[PDB]
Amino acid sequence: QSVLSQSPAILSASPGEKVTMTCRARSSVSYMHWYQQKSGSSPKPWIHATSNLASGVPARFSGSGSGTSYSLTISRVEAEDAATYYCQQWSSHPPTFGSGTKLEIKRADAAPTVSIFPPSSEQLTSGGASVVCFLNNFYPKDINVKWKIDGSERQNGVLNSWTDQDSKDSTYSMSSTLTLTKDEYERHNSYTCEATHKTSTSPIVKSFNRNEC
């Protein structure tokens, strides 16, 4: 029925700028709804009936449109605005949601605090052997990270996780895990993380050796 598409998908702004995000419809509709959402929690109503501010919501926000053209706009974006935003109509049944635009916030480059940890005595205990690197509060989101055993030989069998732009730093942050057998963890001395981020011109590196305290 009244399928909504939202533009763009990912909009990027530095704190200070106005940004506008738009929501088209297959046909007429007399009212649009906007909800703001951030990870871990469920959509919060942001804008009610095309253009009322759901109580709580900063007067830097605004909405309008009509017919098949609607949008939401921020006068001057902040950092606590990094979030996904969604449009929603119920002029015509059923009701539909747009696939939602995601604001990300620009900031000066910041460089990863990287820290590594060896598998744990327990883990070892049980036959698993897992190594982990934390890479924390960087920008921009473009990092990548290489796993090096003994003599820098690369490996796969690895798992990566990122957070969302922190709402206060405007940073990003990321966890990497290597998972091999206990044997194979024992049978090789030295362990290394290689993280290659805009800020250093050569791979940031943490590492340790397997006969250690």
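Residue positions are given as counts along the sequence shown, with the first one as 1.
Taking only CA atoms, the mean B-factor in the PDB entry is higher for 26-34 than for the other of 26-34 and 44-52. Once the C-alpha B-factors are averaged per stretch, 128-136 and 79-87 rank with 128-136 first. Across 73, 121, 99, 96, the greatest Cα temperature factor reported in the deposited entry is at 121. Ranked within its chain, residue 13 lands in the lowest third, by CA B factor from the PDB record. Residue 176 sits in the middle third of its chain by CA B factor, as recorded in the PDB entry. Residue 151: CA B factor in the highest third of modelled residues in this chain (values from the PDB entry). Split the chain's modelled residues into thirds by C-alpha temperature factor. Residue 169 is in the middle one.
Sort the modelled residues of the chain by CA B factor and residue 61 lands in the lowest third.
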